[PDB]
Amino acid sequence: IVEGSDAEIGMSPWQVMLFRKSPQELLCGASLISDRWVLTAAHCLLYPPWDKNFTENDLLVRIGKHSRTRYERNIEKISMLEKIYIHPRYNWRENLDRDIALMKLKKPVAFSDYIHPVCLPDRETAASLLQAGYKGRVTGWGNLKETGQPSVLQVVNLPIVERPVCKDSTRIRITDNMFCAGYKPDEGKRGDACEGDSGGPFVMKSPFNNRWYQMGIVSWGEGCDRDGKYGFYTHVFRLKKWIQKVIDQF
Amino acid sequence: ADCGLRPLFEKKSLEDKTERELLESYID
Amino acid sequence: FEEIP
Ligand SMILES: NC(N)c1ccc([C@H]2[C@H]3C(=O)N(Cc4ccc(F)cc4)[C@H](C(F)F)[C@H]3[C@@H]3CCCN32)cc1
Ligand SMILES: [Ca+2]
Ligand code: NA
């Protein structure tokens, strides 16, 4: 996270670290959506142009963390993967359309002060909250700059951007399954996700019921925190029918 | 049932340091 | 990263 701040303890208890087994390293962010299911970006798991194709046995999920590098004894929980499910129409060839994946954990994780699932939006949630200028929150242990690494989880709040502005910022084809967020050059505030943060959650606190909802997944960008560029996020509600289908089936 | 309600915040009626920024942006 | 048990 570039131009963010340290998270408070228990601020993002749904935050998940995807951790490569060998070499030991941060792969991506993710989120906890139930005792048994974690949500992330498909590109965290499958991106053939860079020869990325993880199997279940290649990574671990670390839940309840604050420190990036420490083993947070008696606090974090380490979980193994039972199965990975990538959206079947994820478009890794072109523009990362439908950049979403689910992971089922081998065993259910116990909730605690530090570990608690985020809500997924329904249609009404999305309509109310996905509006230009409304701010959401992005968290992660990724790089602090485009070109180092944080001691603890970072957070930044960022406004949703008007679709034409998003479309005009990039040569990449934007779809309805994406939204963008970030400050404009003229706004004076800064902030973005970066390498290490992808797959993590973009969340909003509903002012109607005071619950946190995962509205996006950190999907892609061009550089990090560049003027006139915006981060792109997978639109979770637009893909909820697929999420439900997977959870219902498996 | 309790999704999205943080044990160290909403469950105990404490607010984090920047959630008010989010609220203030929810203007419609 | 610190080693994990
Ligand atoms: N908000 C940002 N500034 C930002 C968000 C996410 C990323 C992601 C993805 C990202 O942007 N990728 C490059 C890419 C962008 C657009 C495309 F159409 C195709 C490919 C990678 C591809 F695998 F998806 C991903 C890698 C993995 C580590 C960081 N980075 C970079 C920057
Ligand atoms: Ca364009
Ligand atoms: Na920018």
Side-chain angles (χ1 to χ4, degrees), chain A residues 1-4 17-20 25-31 39-54 58-59 68 84 86-87 89-101 132-133 135-150 154-203 215-236:
Chain A
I1 302 286
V2 183
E3 292 284 335
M17 176 182 292
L18 301 189
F19 189 68
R20 194 170 179 162
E25 63 178 28
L26 171 65
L27 282 180
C28 266
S31 57
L39 184 60
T40 191
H43 76 261
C44 286
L45 296 177
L46 172 59
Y47 192 61
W50 299 353
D51 295 274
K52 185 184 285 192
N53 197 338
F54 292 111
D58 292 331
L59 64 139
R68 183 172 60 88
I84 285 155
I86 293 164
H87 197 290
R89 305 189 64 196
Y90 160 51
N91 189 353
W92 55 267
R93 292 178 167 280
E94 188 202 347
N95 61 356
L96 307 175
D97 191 24
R98 309 185 191 86
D99 189 10
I100 193 169
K135 290 176 179 172
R137 179 178 284 173
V138 181
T139 43
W141 291 278
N143 295 353
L144 298 174
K145 302 205 177 170
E146 187 183 317
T147 308
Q149 313 204 253
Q154 299 293 291
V155 56
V156 70
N157 295 332
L158 300 173
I160 294 164
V161 173
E162 295 78 357
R163 299 188 72 80
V165 169
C166 295
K167 177 177 184 281
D168 284 348
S169 68
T170 180
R171 301 178 58 172
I172 298 283
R173 190 175 67 78
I174 305 310
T175 78
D176 293 340
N177 303 315
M178 308 169 186
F179 66 91
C180 95
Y183 290 105
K184 299 174 172 146
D186 279 341
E187 284 183 296
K189 307 186 183 170
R190 305 196 70 78
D192 197 7
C194 207
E195 179 169 10
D197 294 322
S198 68
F202 180 100
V203 303
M215 304 309 291
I217 301 164
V218 176
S219 179
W220 65 270
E222 290 173 294
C224 308
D225 200 40
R226 297 189 188 159
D227 281 347
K229 301 292 188 151
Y230 303 93
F232 285 78
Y233 298 79
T234 307
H235 193 312
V236 170

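Side chains are part of it too, since the values below use all heavy atoms of this structure and drop only hydrogens, waters and symmetry mates. Order of appearance sets the numbers: ligands from 1, and atoms from 1 within every ligand. Naming convention: chains lettered A, B, ... in sequence-line order (proteins, then strands); numbering from 1 in each chain.
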* For the residue pair A:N177 and A:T234, establish whether any side-chain heavy-atom pair is separated by less than 4.5 Å. => no

* Considering heavy atoms of the protein only, find what lies nearest to atom 31 (C) of ligand 1 and give residue, atom and distance to 0.1 Å. => A:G221 N, 3.9 Å

* Asked: When you measure from atom 9 (C) of ligand 1 to every protein heavy atom, which one gives the shortest distance, and what is it?
  -> A:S219 O, 3.4 Å

* Structure fact -> Here the gap from A:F54 atom CZ to A:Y47 atom OH, rounded to the nearest 0.5 Å, amounts to 14.0 Å

* **Taking every non-hydrogen atom, the tightest pair across A:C224 and A:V2** => CB-CG2, 4.0 Å

* Structure fact -> the protein heavy atom lying closest to atom 28 (C) of ligand 1 turns out to be A:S198 OG, 3.9 Å

* Which residue and non-hydrogen atom of the protein lie closest to atom 20 (C) of ligand 1, and at what distance in Å? -> A:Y47 OH, 3.3 Å

* To do: Would you please test A:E162 and A:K184 for salt bridge (charged side-chain N to carboxylate O under 4.0 Å, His left out) and show each step?
  => CA-CA 11 Å; A:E162 295 78 357; A:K184 299 174 172 146; 2.7 Å; yes

* Just by modelled atom types, is the A:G200 backbone N or O under 3.5 Å from a matching donor or acceptor in the A:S31 side chain? -> no

* Asked: Does A:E222 have a heavy atom less than 4.0 Å from any atom of ligand 1?
  -> no

* To do: Please answer whether the main-chain N or O of A:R173 pairs with a side-chain N or O of A:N95 as donor and acceptor at a distance below 3.5 Å.
  => yes

* To do: Measure the distances from the heavy atoms of A:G223 to every atom of ligand 1 and state whether one is below 4.0 angstrom.
  => yes

* Enumerated ligand 1 atoms positioned under 4.0 Å from heavy atoms of A:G231 -> 1 (N)

* Check: A:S219/A:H43 side-chain N/O donor and acceptor closer than 3.5 Å -> no

* Could you find the nearest protein heavy atom to atom 24 (F) of ligand 1 and give me its residue, atom name and distance? => A:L96 CD1, 3.0 Å

* What residue and heavy atom of the protein are closest to atom 5 (C) of ligand 1, and at what distance? -> A:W220 C, 3.4 Å

* Donor on one side chain, acceptor on other, A:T139 and A:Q154, under 3.5 Å -> no

* **Per atom 29 (C) of ligand 1, closest listed option by heavy atom (A:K52, A:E195, A:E146)** => A:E195

* What atoms of ligand 1 come closer than 4.0 angstrom to any heavy atom of A:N95? -> 18 (F)

* For the side chain of A:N143 and the backbone of A:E146, is there at least one donor-acceptor N/O pair under 3.5 Å apart? -> no

* Nearest protein heavy-atom contact for atom 2 (C) of ligand 1: which residue, which atom, what distance? -> A:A193 O, 3.5 Å

* Ion pair present between A:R226 and A:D192, side-chain N to carboxylate O less than 4.0 angstrom? -> no

* Polar side-chain atom of A:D99 near backbone of A:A42 as donor-acceptor pair, under 3.5 Å -> yes

* To do: Report the C-alpha separation of A:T40 and A:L45 in whole Å, then their side-chain angles, then the decisive distance to 0.1 Å, and conclude whether the side-chain contact (heavy atoms from CB on, under 4.5 Å) test is met.
  => CA-CA 9 Å; A:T40 191; A:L45 296 177; 4.1 Å; yes

* Asked: Is any side-chain heavy atom of A:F232 closer than 4.5 Å to a side-chain heavy atom of A:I174?
  -> yes

* A:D197 side chain to A:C194 backbone, donor-acceptor under 3.5 Å -> yes

* Asked: Which protein N, O or S atoms does the Ca ion (ligand 2) have within a distance shorter than 3.0 Å?
  -> A:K167 O, A:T170 O

* Asked: Looking at A:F202 versus A:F179, is the centre-to-centre ring distance below 6.0 Å?
  -> yes

* Protein heavy atom at shortest distance from atom 26 (C) of ligand 1 -> A:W50 CZ3, 3.9 Å

* To do: Under 3.0 Å from the Na ion (ligand 3), which protein N, O or S atoms are there? Could you list them by chain and number?
  => A:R226 O, A:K229 O

* A:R190 and A:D227: salt bridge (charged side-chain N to carboxylate O under 4.0 Å, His left out), yes or no, with the steps? -> CA-CA 9 Å; A:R190 305 196 70 78; A:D227 281 347; 3.0 Å; yes

